[PDB]
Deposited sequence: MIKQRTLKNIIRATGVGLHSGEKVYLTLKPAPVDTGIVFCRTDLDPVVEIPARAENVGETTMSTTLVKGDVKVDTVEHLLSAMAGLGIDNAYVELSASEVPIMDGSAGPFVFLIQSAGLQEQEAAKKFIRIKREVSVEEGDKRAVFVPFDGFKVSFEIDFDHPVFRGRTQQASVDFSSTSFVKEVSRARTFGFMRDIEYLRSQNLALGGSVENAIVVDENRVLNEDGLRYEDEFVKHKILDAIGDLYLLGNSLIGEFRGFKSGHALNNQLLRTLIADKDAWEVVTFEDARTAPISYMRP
C-alpha cells in the first residue's frame, strides 16, 4: 500500500517573517497517523495549535494566514508546498512568532532540511482526495479550476501587466517532472511600485533581495538574477501547491489557475469541500496500480 508519511527526525530553523520582519524559530516534529499538518504557536501560554486546513484560513492578503480567535499563523504556503511536494501527511510545526520564516523566498531550504532529516513511512494507508467532477471559481478576471485527472498536474497562466515581463506568463507541470528540481527553488517576488503601499498596510516589512526577486520597472535588482527563465510563474505554481494542501490530503486531479492568488485558491477549496458530489477519499492497497508515486523516504 501507499503509506502515510511523517518526519524521521526533528528539523530546526531560524529566519524572519516576510510580512512582519520578526525573528522566528521553527521546529518540525513527527506526528501520529491521521494528525495532518498542525501549526503550534509555542511563544504563547497555553500553546495555540491550528490545523493547516481550509476552514482555518482567516486572511488571504499577500499570503495565506491561519487564524484561531485572535491568534494567527501567517505565510504558510511555502512550507506547505514543501510538505505537499515531499508527501508528508503528519507533522507538528512549532513557531516562536506569528509568521513562518521566509528563508530564501522559495520552498528550497524547507525541502533540503526535511530531506536531510529524512522521512518515516507509517503503518496506515495514505488518503487522497480524488476529483470526480469539474469545479471552478471565478471573480472578475481571475479563475481557478479543479478537473478530474488520473494523477496530479498544475497549469498556471498570468498576465502580470508589468514591464519586467517584456510584453503573458504560462507553465504546466505534471508531477510524475520533479517538484524539487523544477518548482521548489522558485522564489517569491515583489515590485518597487507596490512597496510604499505594502509597508503602509504592514506588509513585506522583512522583504529584501535576500528573500525575494525584487523588481524595479525593467530591472531585477538581485545582482545574481533568476534561477529559471520562468521563475515568476513557477512560484505561482509553488503557491498553488501549498494553498491546495490546506485540503488536508494530496489531490488526484488537475488544477488550472488563471491569475489566481491565495484568496481564489481558498475559495476553490471551500467550494470543492461543499460539493461532495465532486470528490471522494481514496487509498491505494497497491502502489503498482496507483496514478501517483513519491520519492523514496
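Student: Should a student be asked to find the unmodelled regions, what ranges of the deposited sequence would be the right answer here?
Tutor: Several regions go unmodelled: 168, 178.
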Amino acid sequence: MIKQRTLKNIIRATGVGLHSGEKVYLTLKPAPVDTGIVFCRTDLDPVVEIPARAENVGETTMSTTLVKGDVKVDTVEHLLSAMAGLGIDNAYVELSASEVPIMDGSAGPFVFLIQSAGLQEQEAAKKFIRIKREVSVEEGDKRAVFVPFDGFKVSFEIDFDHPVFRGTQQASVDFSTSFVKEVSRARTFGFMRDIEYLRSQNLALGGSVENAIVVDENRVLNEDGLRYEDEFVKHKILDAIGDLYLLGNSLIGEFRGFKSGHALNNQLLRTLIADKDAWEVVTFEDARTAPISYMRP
From here on, numbers count along this sequence of modelled residues.
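Superpose the two forms; the largest set of C-alphas matching within 1.5 Å is the rigid core.
Student: After a rigid core fit, does 233 to 241 or 55 to 63 show more C-alpha displacement in 5 other deposited structures of this protein?
Tutor: Evaluated in 5 other deposited structures of this protein, the stretch farther from the shown form is 55 to 63.
Student: Report the stretch with the higher root mean square CA deviation, pooled over structures and residues in 5 other deposited structures of this protein, choosing between 212 to 220 and 125 to 133 after a rigid core fit.
Tutor: So, of the two stretches, the farther one in 5 other deposited structures of this protein is 212 to 220.
Student: Using only C-alpha atoms and the B-factors in the entry, which stretch averages higher, 195 to 203 or 76 to 84?
Tutor: According to the entry, 195 to 203 carries the higher average C-alpha B-factor.
Student: With reference to the PDB entry, specify whether the mean Cα temperature factor is higher for 211 to 219 or for 177 to 185.
Tutor: If you average the C-alpha B-factors of 211 to 219 and of 177 to 185, the larger mean comes out for 177 to 185.
Student: Quiz for you: based on the deposited Cα B-factor, which of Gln170, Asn90, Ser98, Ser116 is highest?
Tutor: Largest recorded C-alpha B-factor: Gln170.
Student: What third of its chain, lowest, middle or highest, does the C-alpha temperature factor of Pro148 fall into?
Tutor: Its C-alpha B-factor, which the entry lists for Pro148, ranks in the lowest third among residues of this chain.
Student: Can you work out whether the C-alpha temperature factor of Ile252 puts it in the lowest, middle or highest third of the chain?
Tutor: Bottom third by C-alpha B-factor.
Student: How does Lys127 rank on Cα B-factor within its chain, lowest, middle or highest third?
Tutor: Middle third.
Student: Quick one: classify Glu55 as lowest, middle or highest third of the chain based on its Cα B-factor.
Tutor: As the PDB entry reports it, the C-alpha B-factor of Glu55 lands in the middle third of its chain.
Student: Place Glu285 in the lowest, middle or highest third of its chain's C-alpha B-factors, as listed in the PDB entry.
Tutor: For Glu285, whose C-alpha B-factor we compare with every modelled residue in the chain, the answer is the highest third.
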